[PDB]
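Novice: entry_34.cif (mmCIF, C-alpha atoms) pasted underneath:
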```cif
data_model
#
loop_
_atom_site.label_atom_id
_atom_site.label_comp_id
_atom_site.auth_asym_id
_atom_site.auth_seq_id
_atom_site.Cartn_x
_atom_site.Cartn_y
_atom_site.Cartn_z
CA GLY J 1 101.55 129.55 74.18
CA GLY J 2 103.07 133.02 74.72
CA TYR J 3 106.68 131.80 74.67
CA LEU J 4 106.72 131.02 70.94
CA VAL J 5 105.76 134.37 69.41
CA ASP J 6 109.23 135.87 68.52
CA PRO J 7 108.86 139.49 67.24
CA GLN J 8 110.48 140.78 64.05
CA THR J 9 113.53 142.99 64.24
CA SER J 10 113.14 145.69 61.51
CA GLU J 11 115.55 144.39 58.83
CA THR J 12 117.35 147.73 58.28
CA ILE J 13 118.16 149.38 61.59
CA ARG J 14 117.81 153.13 61.44
CA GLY J 15 119.14 156.15 63.29
CA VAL J 16 118.34 159.78 63.97
CA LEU J 17 118.76 161.90 60.84
CA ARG J 18 121.30 164.72 60.89
CA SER J 19 121.70 167.45 58.31
CA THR J 20 124.29 166.90 55.59
CA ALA J 21 124.60 170.54 54.49
CA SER J 22 128.34 170.69 54.82
CA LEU J 23 129.73 173.68 52.79
CA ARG J 24 131.53 171.28 50.44
CA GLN J 25 128.92 172.05 47.80
CA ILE J 26 129.65 175.80 47.80
CA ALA J 27 133.39 175.80 48.44
CA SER J 28 136.17 174.57 46.15
CA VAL J 29 137.38 171.02 46.76
CA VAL J 30 140.92 170.11 45.67
CA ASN J 31 142.19 166.54 45.56
CA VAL J 32 145.63 166.59 47.20
CA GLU J 33 148.21 163.81 47.41
CA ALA J 34 150.77 165.53 49.63
CA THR J 35 151.08 166.61 53.24
CA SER J 36 149.85 170.10 52.43
CA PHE J 37 148.30 172.25 49.77
CA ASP J 38 149.21 175.81 48.93
CA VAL J 39 147.59 178.59 46.97
CA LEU J 40 149.32 181.51 45.31
CA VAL J 41 147.24 184.68 45.55
CA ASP J 42 147.74 188.32 44.56
CA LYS J 43 147.25 190.69 47.46
CA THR J 44 147.89 193.71 45.18
CA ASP J 45 147.37 194.62 41.54
CA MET J 46 149.57 196.29 38.94
CA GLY J 47 150.12 199.89 37.94
CA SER J 48 149.44 201.98 34.87
CA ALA G 1 128.24 148.61 69.04
CA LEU G 2 130.00 147.85 72.29
CA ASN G 3 129.87 144.66 74.42
CA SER G 4 126.94 142.33 73.91
CA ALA G 5 126.03 141.89 77.58
CA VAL G 6 124.69 145.32 78.54
CA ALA G 7 121.50 146.19 76.70
CA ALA G 8 121.88 149.81 75.58
CA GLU G 9 125.44 149.41 74.27
CA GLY G 10 124.50 146.89 71.62
CA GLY G 11 122.64 144.28 73.64
CA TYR G 12 119.37 144.71 71.78
CA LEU G 13 120.90 143.32 68.57
CA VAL G 14 121.55 139.80 69.80
CA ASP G 15 118.25 138.00 68.76
CA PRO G 16 118.19 134.61 70.60
CA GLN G 17 117.57 131.82 68.12
CA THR G 18 114.63 129.60 68.98
CA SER G 19 114.51 125.87 68.41
CA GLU G 20 113.65 124.39 65.02
CA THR G 21 110.79 122.16 66.20
CA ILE G 22 108.97 122.61 69.50
CA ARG G 23 110.13 119.80 71.78
CA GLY G 24 108.24 118.03 74.53
CA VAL G 25 108.47 115.54 77.33
CA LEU G 26 108.68 112.16 75.64
CA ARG G 27 106.14 109.94 77.37
CA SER G 28 105.73 106.20 76.95
CA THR G 29 104.90 104.76 73.53
CA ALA G 30 105.11 101.12 74.63
CA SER G 31 101.43 100.81 73.92
CA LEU G 32 100.65 97.12 73.03
CA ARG G 33 99.65 98.34 69.55
CA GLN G 34 102.99 97.15 68.19
CA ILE G 35 102.50 93.56 69.41
CA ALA G 36 98.80 92.89 68.74
CA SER G 37 96.75 92.46 65.57
CA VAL G 38 95.94 95.97 64.35
CA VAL G 39 93.12 95.95 61.80
CA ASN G 40 91.88 98.82 59.67
CA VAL G 41 88.08 98.99 59.76
CA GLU G 42 85.66 101.51 58.25
CA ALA G 43 82.56 100.36 60.12
CA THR G 44 80.95 100.46 63.55
CA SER G 45 82.29 97.17 64.86
CA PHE G 46 84.66 94.39 63.95
CA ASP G 47 83.73 90.73 64.31
CA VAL G 48 86.54 88.22 64.61
CA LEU G 49 85.54 84.58 64.16
CA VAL G 50 87.62 82.13 66.15
CA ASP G 51 87.49 78.37 66.62
CA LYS G 52 86.98 77.52 70.26
CA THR G 53 87.24 73.77 69.51
CA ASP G 54 88.75 71.50 66.84
CA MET G 55 87.90 68.38 64.87
CA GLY G 56 88.46 64.68 65.28
CA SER G 57 90.55 62.28 63.22
CA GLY G 58 89.75 58.69 62.58
CA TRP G 59 92.72 56.49 61.88
CA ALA G 60 90.19 54.71 59.73
CA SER G 61 90.62 50.95 59.54
CA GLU G 62 90.58 48.89 56.38
CA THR G 63 86.97 47.72 56.82
CA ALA G 64 85.39 50.06 59.35
CA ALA G 65 82.63 52.18 57.69
CA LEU G 66 83.94 55.47 59.08
CA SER G 67 81.23 57.38 60.92
CA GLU G 68 80.91 61.09 61.55
CA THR G 69 83.53 63.18 63.29
CA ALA G 70 83.56 66.50 65.13
CA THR G 71 83.56 69.92 63.44
CA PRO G 72 84.74 73.04 65.29
CA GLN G 73 82.21 75.26 67.00
CA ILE G 74 82.78 78.92 66.28
CA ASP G 75 82.64 82.05 68.45
CA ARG G 76 82.07 85.64 67.32
CA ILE G 77 83.67 88.45 69.32
CA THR G 78 82.34 91.93 68.60
CA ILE G 79 84.89 94.73 68.77
CA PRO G 80 82.90 97.78 69.92
CA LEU G 81 85.12 100.31 68.04
CA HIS G 82 84.55 103.38 70.19
CA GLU G 83 85.99 106.82 69.57
CA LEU G 84 88.55 108.91 71.42
CA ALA G 85 88.25 112.68 71.19
CA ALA G 86 90.33 115.59 72.49
CA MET G 87 89.53 119.26 71.93
CA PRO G 88 92.25 121.77 72.82
CA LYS G 89 91.57 125.48 72.55
CA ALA G 90 94.13 127.56 70.68
CA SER G 91 93.99 131.28 70.09
CA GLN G 92 93.75 132.98 66.72
CA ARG G 93 96.44 135.47 67.67
CA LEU G 94 98.72 132.53 68.44
CA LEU G 95 98.03 130.75 65.14
CA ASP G 96 98.74 133.94 63.19
CA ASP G 97 101.84 135.04 65.12
CA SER G 98 103.44 131.79 66.28
CA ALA G 99 105.92 130.90 63.50
CA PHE G 100 106.08 127.20 64.44
CA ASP G 101 103.55 125.10 62.56
CA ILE G 102 101.21 124.95 65.55
CA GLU G 103 98.54 122.97 63.71
CA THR G 104 100.87 120.09 62.86
CA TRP G 105 102.38 120.33 66.34
CA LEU G 106 98.94 119.84 67.86
CA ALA G 107 98.30 117.06 65.34
CA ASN G 108 101.49 115.38 66.54
CA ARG G 109 100.74 115.94 70.24
CA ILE G 110 97.11 114.77 69.97
CA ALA G 111 98.41 111.70 68.12
CA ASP G 112 100.93 110.98 70.89
CA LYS G 113 98.25 111.51 73.55
CA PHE G 114 95.89 109.16 71.72
CA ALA G 115 98.53 106.46 71.21
CA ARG G 116 99.26 106.70 74.93
CA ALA G 117 95.63 106.90 76.09
CA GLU G 118 94.53 103.88 74.09
CA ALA G 119 97.27 101.86 75.82
CA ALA G 120 95.43 102.21 79.12
CA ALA G 121 92.21 100.95 77.56
CA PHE G 122 94.01 98.06 75.85
CA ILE G 123 95.15 96.77 79.23
CA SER G 124 92.77 97.83 82.00
CA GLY G 125 89.84 99.48 80.23
CA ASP G 126 86.25 98.61 81.04
CA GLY G 127 83.26 98.43 78.71
CA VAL G 128 81.81 101.93 78.92
CA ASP G 129 82.84 103.92 75.80
CA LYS G 130 86.38 102.48 75.80
CA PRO G 131 88.01 99.19 74.77
CA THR G 132 87.93 96.40 77.32
CA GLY G 133 91.48 95.53 78.26
CA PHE G 134 92.59 92.00 78.90
CA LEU G 135 92.75 92.46 82.66
CA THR G 136 88.97 92.88 82.87
CA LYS G 137 88.04 89.50 81.37
CA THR G 138 86.83 87.37 84.36
CA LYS G 139 90.05 85.55 85.24
CA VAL G 140 89.67 81.83 85.99
CA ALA G 141 92.57 79.79 87.37
CA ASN G 142 94.54 77.67 84.93
CA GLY G 143 93.78 73.97 84.75
CA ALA G 144 90.11 74.72 85.26
CA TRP G 145 90.26 76.81 82.08
CA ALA G 146 87.19 77.61 79.99
CA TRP G 147 87.00 79.54 76.72
CA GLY G 148 85.10 82.47 78.19
CA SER G 149 87.92 83.44 80.55
CA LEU G 150 91.64 84.11 80.88
CA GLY G 151 93.94 81.74 82.73
CA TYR G 152 96.33 82.58 85.53
CA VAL G 153 98.82 80.92 87.80
CA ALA G 154 99.29 82.03 91.38
CA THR G 155 102.52 82.83 93.16
CA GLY G 156 102.03 81.63 96.71
CA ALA G 157 102.27 84.32 99.38
CA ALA G 158 99.85 87.23 99.19
CA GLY G 159 101.96 90.36 98.96
CA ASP G 160 104.89 89.07 96.93
CA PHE G 161 106.32 85.94 95.29
CA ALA G 162 106.72 82.55 96.95
CA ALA G 163 109.13 82.29 99.90
CA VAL G 164 111.15 79.05 99.33
CA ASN G 165 110.72 78.85 95.50
CA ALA G 166 110.50 82.46 94.20
CA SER G 167 110.59 83.12 90.40
CA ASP G 168 109.12 79.81 89.10
CA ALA G 169 105.62 81.30 89.31
CA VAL G 170 107.22 82.92 86.26
CA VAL G 171 108.48 79.74 84.62
CA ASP G 172 105.28 77.71 85.06
CA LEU G 173 103.42 80.71 83.67
CA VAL G 174 105.71 80.39 80.66
CA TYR G 175 105.28 76.62 80.29
CA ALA G 176 101.52 76.80 80.92
CA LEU G 177 100.80 78.96 77.86
CA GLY G 178 100.70 76.48 74.99
CA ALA G 179 103.57 75.28 72.84
CA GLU G 180 102.62 77.23 69.72
CA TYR G 181 101.88 80.54 71.44
CA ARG G 182 105.42 80.67 72.87
CA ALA G 183 106.82 81.02 69.34
CA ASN G 184 106.11 84.76 69.44
CA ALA G 185 105.00 85.54 72.98
CA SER G 186 105.84 88.38 75.32
CA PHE G 187 105.65 89.43 78.93
CA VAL G 188 103.71 92.57 79.75
CA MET G 189 104.57 94.41 82.97
CA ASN G 190 104.98 97.91 84.26
CA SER G 191 108.27 99.45 85.31
CA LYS G 192 108.06 99.01 89.09
CA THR G 193 107.08 95.38 88.63
CA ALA G 194 109.97 94.73 86.25
CA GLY G 195 112.26 96.40 88.76
CA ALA G 196 110.98 94.06 91.47
CA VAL G 197 111.59 91.14 89.11
CA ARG G 198 115.17 92.26 88.37
CA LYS G 199 115.85 92.77 92.09
CA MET G 200 115.30 89.05 92.72
CA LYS G 201 118.53 87.25 93.46
CA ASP G 202 119.75 83.82 94.49
CA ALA G 203 121.01 82.77 97.93
CA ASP G 204 124.37 84.48 97.26
CA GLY G 205 123.30 87.96 96.14
CA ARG G 206 123.87 87.50 92.41
CA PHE G 207 120.86 88.18 90.18
CA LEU G 208 119.26 84.89 89.25
CA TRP G 209 117.82 86.38 86.07
CA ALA G 210 120.43 86.88 83.36
CA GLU G 211 117.61 97.55 75.35
CA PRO G 212 114.30 95.61 74.84
CA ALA G 213 114.93 94.11 78.33
CA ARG G 214 113.83 90.58 77.54
CA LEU G 215 113.16 87.98 80.23
CA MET G 216 113.94 84.26 79.74
CA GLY G 217 114.53 85.06 76.07
CA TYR G 218 110.96 86.38 75.75
CA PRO G 219 110.49 90.09 75.10
CA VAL G 220 109.02 92.32 77.78
CA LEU G 221 106.67 95.20 77.09
CA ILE G 222 107.17 97.71 79.89
CA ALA G 223 103.65 99.10 79.96
CA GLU G 224 102.62 101.84 82.37
CA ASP G 225 99.02 100.83 83.06
CA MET G 226 99.10 97.39 84.62
CA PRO G 227 98.71 97.24 88.41
CA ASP G 228 101.80 96.80 90.56
CA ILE G 229 102.39 93.91 92.95
CA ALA G 230 99.42 94.20 95.30
CA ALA G 231 97.65 91.61 97.42
CA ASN G 232 95.43 90.12 94.69
CA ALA G 233 96.72 92.02 91.69
CA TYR G 234 97.60 90.83 88.20
CA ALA G 235 100.91 92.55 87.64
CA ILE G 236 102.52 90.23 85.07
CA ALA G 237 100.90 88.91 81.91
CA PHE G 238 102.42 86.68 79.25
CA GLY G 239 101.37 85.46 75.87
CA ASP G 240 101.06 85.71 72.12
CA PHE G 241 99.20 88.99 71.92
CA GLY G 242 99.41 89.00 68.12
CA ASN G 243 96.82 86.25 68.19
CA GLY G 244 95.34 86.98 71.59
CA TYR G 245 94.35 90.64 71.39
CA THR G 246 92.74 92.26 68.36
CA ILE G 247 92.87 96.04 67.93
CA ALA G 248 90.44 97.53 65.42
CA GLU G 249 90.83 101.15 64.39
CA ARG G 250 90.87 103.81 61.68
CA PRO G 251 94.50 104.76 60.88
CA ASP G 252 93.86 108.50 60.62
CA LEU G 253 93.15 111.46 62.86
CA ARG G 254 90.06 113.53 62.09
CA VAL G 255 90.64 117.21 62.88
CA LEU G 256 88.00 119.94 62.54
CA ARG G 257 88.94 123.51 63.37
CA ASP G 258 86.17 125.54 64.99
CA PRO G 259 86.38 129.33 64.57
CA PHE G 260 82.70 129.67 65.50
CA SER G 261 81.82 128.44 69.00
CA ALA G 262 84.79 129.83 70.93
CA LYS G 263 84.98 133.07 69.02
CA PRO G 264 88.57 134.47 69.28
CA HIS G 265 89.92 130.92 69.62
CA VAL G 266 90.34 128.16 67.04
CA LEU G 267 89.39 125.08 69.12
CA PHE G 268 90.70 122.05 67.24
CA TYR G 269 88.37 119.05 67.56
CA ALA G 270 90.36 115.88 66.90
CA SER G 271 88.97 112.37 67.19
CA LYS G 272 90.28 109.00 66.09
CA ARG G 273 88.21 105.92 66.77
CA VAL G 274 89.68 102.70 68.12
CA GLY G 275 88.43 99.53 69.77
CA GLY G 276 89.45 96.07 70.78
CA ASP G 277 89.31 93.13 73.16
CA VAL G 278 90.76 89.64 73.44
CA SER G 279 90.20 87.41 70.44
CA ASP G 280 92.07 84.30 71.59
CA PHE G 281 91.47 83.52 75.25
CA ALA G 282 94.16 80.82 75.28
CA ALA G 283 96.96 83.14 74.18
CA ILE G 284 97.18 85.27 77.35
CA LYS G 285 98.04 83.91 80.79
CA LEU G 286 98.34 85.96 83.95
CA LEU G 287 100.24 85.91 87.23
CA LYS G 288 98.04 86.36 90.30
CA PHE G 289 99.70 86.94 93.66
CA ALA G 290 96.97 85.41 95.84
CA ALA G 291 97.60 81.77 96.72
CA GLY A 1 87.07 147.76 70.59
CA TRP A 2 90.59 146.35 70.40
CA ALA A 3 89.99 142.73 71.47
CA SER A 4 91.83 141.66 74.64
CA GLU A 5 93.76 138.73 73.15
CA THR A 6 91.94 136.69 75.79
CA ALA A 7 88.26 137.60 76.04
CA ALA A 8 84.71 136.33 75.85
CA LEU A 9 84.34 138.54 72.73
CA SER A 10 80.73 139.51 73.10
CA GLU A 11 78.85 141.42 70.42
CA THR A 12 79.73 145.06 69.96
CA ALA A 13 76.65 147.01 68.71
CA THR A 14 74.75 147.63 65.49
CA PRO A 15 74.03 150.93 63.70
CA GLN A 16 70.43 151.69 64.60
CA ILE A 17 68.65 152.74 61.44
CA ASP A 18 65.98 155.41 61.12
CA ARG A 19 63.51 156.32 58.39
CA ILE A 20 62.99 160.03 57.78
CA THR A 21 59.79 160.70 55.84
CA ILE A 22 59.40 163.45 53.24
CA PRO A 23 55.60 163.81 53.43
CA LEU A 24 55.31 165.57 50.00
CA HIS A 25 52.67 168.19 50.67
CA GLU A 26 50.89 170.28 48.07
CA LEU A 27 51.10 174.04 47.62
CA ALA A 28 48.10 175.65 45.97
CA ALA A 29 46.65 179.06 45.23
CA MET A 30 43.11 180.26 44.56
CA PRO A 31 42.90 183.74 43.05
CA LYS A 32 39.18 184.47 42.90
CA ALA A 33 38.78 186.64 39.80
CA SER A 34 35.51 188.21 38.73
CA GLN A 35 34.01 187.42 35.35
CA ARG A 36 33.46 191.10 34.58
CA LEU A 37 37.07 192.10 35.30
CA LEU A 38 38.44 189.29 33.18
CA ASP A 39 36.62 190.03 29.90
CA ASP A 40 36.27 193.80 30.17
CA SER A 41 39.90 194.61 31.01
CA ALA A 42 42.41 195.25 28.25
CA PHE A 43 45.09 193.23 30.04
CA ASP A 44 44.92 189.45 29.85
CA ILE A 45 44.51 188.85 33.58
CA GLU A 46 43.85 185.15 32.91
CA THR A 47 47.42 184.73 31.67
CA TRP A 48 48.90 187.32 34.04
#
```
Could you spell out this file's structure in structure tokens?

Specialist:
Amino acid sequence: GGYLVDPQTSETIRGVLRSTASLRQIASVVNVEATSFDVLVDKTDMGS
Amino acid sequence: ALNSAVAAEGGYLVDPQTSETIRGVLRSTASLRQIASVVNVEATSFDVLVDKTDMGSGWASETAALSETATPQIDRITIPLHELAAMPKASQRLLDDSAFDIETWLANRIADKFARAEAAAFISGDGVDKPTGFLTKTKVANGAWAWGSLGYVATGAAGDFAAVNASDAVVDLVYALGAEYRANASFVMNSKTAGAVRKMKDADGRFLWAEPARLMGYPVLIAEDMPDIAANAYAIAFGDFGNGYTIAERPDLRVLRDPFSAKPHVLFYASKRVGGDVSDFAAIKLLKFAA
Amino acid sequence: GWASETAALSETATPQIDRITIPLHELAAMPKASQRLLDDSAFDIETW
């Protein structure tokens, strides 16, 4: 009778869990539809 | 997620589908139950009542004063109606973890085993706790035929059929069976006797006999429990078994599961009860190979 | 024990019981006080 026992197969197959802390939640994310993105910064300030 | 052959690269996800219903070797169901008189009976014993004789007629004259005439004397045949019991032992871990319906599979397999095991008792069974088959009924040669016995015709030579006139030991067996019984009559043989019958041929090599595998227009039950062609054996029978042999039974299969005696096992106790012997001694003739 | 799927399955054991008796003794005291120094003292020794 041991041939007809047929174990179950754990309906959702799992994996090893890896951390998802990814620096996207602290940095600034910009949607871009081009080949490249720029920023325009100010390396100096004005005068008085 | 790679090729399905090697185990670690996705071979453990391949889950071989089992069959729908557990199959088995399909053993013989040609059991003489389909040709005889099967009678439901809720009792200990069944009593057929046959007429072993008949009456007399007068052709009474105009002025004769008609006297008495005969009146048929009557025989009672007691079917013993024994039981047939099988008790397989099945484990509780199997019955809980064995997704096939194991209980109805055992109820089918026990039923097949019983329908096959009663076929041996219907043909060659003795008296002790089993039905007496028609081979064990004190065979007396035909012509000197009494009611308390079965008739036979003999073939000639001891081991086999007759030398000069082979295969008419069959035809006089047919035409020595009674003109009303041949309306629905049948041969009963086993397979290696029917093969030896089919191997018979004329003086030129062609088979002289020409899915149910009937012989001379009469159907043949290929049993598996008659004797083969031995020195004084009764390998071939012929007759109207629907009148000749009476099967008495209960048409159900009593199962009791037993979780108590064998403790981690389930131990199905199944027993149907079945009996029967010959009711009409004229309706079965035999072929003896003696002389 | 875990039952070997195939086994005789004999009886395991039974918790052996035990009666512990609390014999319920008595604790008594007999101060023998004189009849003089119970009715000639100013302090009620009989209640003290």

Novice: For the structure shown, which residues end up in the PyMOL selection byres ((chain G and resi 95) around 12)? Put them as a PyMOL selection string, please?

Specialist: (chain J and resi 1-2+4-5) or (chain G and resi 89-94+96-106+257+259+264-268)

Novice: Write the residues of the selection above to a file with C-alpha atoms, as a tab-separated table (two decimals), in the frame of the given file.

Specialist:
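Final output, saved to again-v4.tsv:
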```tsv
chain	number	residue	atom	x	y	z
J	1	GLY	CA	101.55	129.55	74.18
J	2	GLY	CA	103.07	133.02	74.72
J	4	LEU	CA	106.72	131.02	70.94
J	5	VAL	CA	105.76	134.37	69.41
G	89	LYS	CA	91.57	125.48	72.55
G	90	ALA	CA	94.13	127.56	70.68
G	91	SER	CA	93.99	131.28	70.09
G	92	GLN	CA	93.75	132.98	66.72
G	93	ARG	CA	96.44	135.47	67.67
G	94	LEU	CA	98.72	132.53	68.44
G	96	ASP	CA	98.74	133.94	63.19
G	97	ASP	CA	101.84	135.04	65.12
G	98	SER	CA	103.44	131.79	66.28
G	99	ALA	CA	105.92	130.90	63.50
G	100	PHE	CA	106.08	127.20	64.44
G	101	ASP	CA	103.55	125.10	62.56
G	102	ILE	CA	101.21	124.95	65.55
G	103	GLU	CA	98.54	122.97	63.71
G	104	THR	CA	100.87	120.09	62.86
G	105	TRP	CA	102.38	120.33	66.34
G	106	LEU	CA	98.94	119.84	67.86
G	257	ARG	CA	88.94	123.51	63.37
G	259	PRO	CA	86.38	129.33	64.57
G	264	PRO	CA	88.57	134.47	69.28
G	265	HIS	CA	89.92	130.92	69.62
G	266	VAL	CA	90.34	128.16	67.04
G	267	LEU	CA	89.39	125.08	69.12
G	268	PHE	CA	90.70	122.05	67.24
```

Novice: Tell me which protein, DNA and RNA residues are within 7 Å of residue G:173, counting all atoms listed in the file, leaving out same-chain ones fewer than 4 positions away, and put them as an MDAnalysis selection string.

Specialist: chainID G and resid 153 169 177 285

Novice: Between G:22, G:30, G:220, G:110, which is the closest to residue G:269 once you count all atoms listed in the file?

Specialist: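 Nearest to residue G:269: G:110.
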
Novice: Neighbours of residue G:223 within 7 Å (all atoms listed in the file; same-chain residues fewer than 4 positions away dropped), as a list in words?

Specialist: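 Contacts, with the query itself left out: residues 30, 31, 188, 189 and 190 of chain G.
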
Novice: One decimal, Å: what's the distance from atom CA of residue G:133 over to atom CA of residue G:238, could you say?

Specialist: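 Interatomic distance here is 14.1 Å.
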
Novice: Pick out the closest residue to chain J from this set: G:14, G:86, G:7, G:41. Count only C-alpha atoms.

Specialist: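 The answer is G:14, which sits nearest to chain J.
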
Novice: Enumerate, as a list in words, the residues matched when the PyMOL selection byres ((chain G and resi 70) around 6) is run on the file above.

Specialist: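 Applying the expression gives residues 55, 56, 69 and 71 of chain G.
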
Novice: Please produce a file of the residues just selected, as a tab-separated table (two decimals), in the coordinates of the input, where the atoms kept are C-alpha atoms.

Specialist:
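Output file selection34.tsv follows:
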```tsv
chain	number	residue	atom	x	y	z
G	55	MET	CA	87.90	68.38	64.87
G	56	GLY	CA	88.46	64.68	65.28
G	69	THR	CA	83.53	63.18	63.29
G	71	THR	CA	83.56	69.92	63.44
```

Novice: Env of residue G:201: 12 Å cut, atoms = all atoms listed in the file, seq-sep filter 5 positions within chain, self excluded. Answer as a PyMOL selection string.

Specialist: chain G and resi 165-167+196+206-210

Novice: If you apply the PyMOL selection byres ((chain G and resi 74-78) around 9) to this file, what residues do you get, as an MDAnalysis selection string?

Specialist: chainID G and resid 45:53 72:73 79:81 276:279

Novice: What is the distance, in Å and to one decimal place, between atom CA of residue G:32 and atom CA of residue G:137?

Specialist: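 Atom-to-atom, atom CA of residue G:32 and atom CA of residue G:137 are spaced 16.9 Å apart.
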
Novice: Which residue, A:25, A:2, A:7, A:39, has the smallest gap to chain G when you use only C-alpha atoms?

Specialist: A:7

Novice: Give me, please, the distance in Å between atom CA of residue G:250 and atom CA of residue G:27, quoted to one decimal.

Specialist: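 Separation between atom CA of residue G:250 and atom CA of residue G:27: 22.7 Å.
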
Novice: Give the answer as one residue: which of G:183, G:262, G:123, G:274 has the shortest atom-to-atom distance to chain A, using only C-alpha atoms?

Specialist: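 Among G:183, G:262, G:123, G:274, it is G:262 that comes nearest to chain A.
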
Novice: Neighbours of stretch 34-38 of chain A within 12 Å (all atoms listed in the file; same-chain residues fewer than 6 positions away dropped), as a list in words?

Specialist: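 Neighbouring residues, sequence-local ones excluded: residues 44, 45, 46, 47 and 48 of chain A.
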
Novice: Given the selection you just returned, output its residues as a file containing C-alpha atoms, formatted as a tab-separated table (two decimals), in the frame of the given file.

Specialist:
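Done, and the output landed in result27.tsv:
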```
chain	number	residue	atom	x	y	z
A	44	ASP	CA	44.92	189.45	29.85
A	45	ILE	CA	44.51	188.85	33.58
A	46	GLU	CA	43.85	185.15	32.91
A	47	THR	CA	47.42	184.73	31.67
A	48	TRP	CA	48.90	187.32	34.04
```

Novice: May I ask you to extract the residues of chain A within 10 Å of chain G, using only C-alpha atoms, and to give them as a PyMOL selection string?

Specialist: chain A and resi 3-10

Novice: Rank nothing, just name the residue among G:124, G:243, G:18, G:132 nearest to chain J, using all atoms listed in the file.

Specialist: G:18
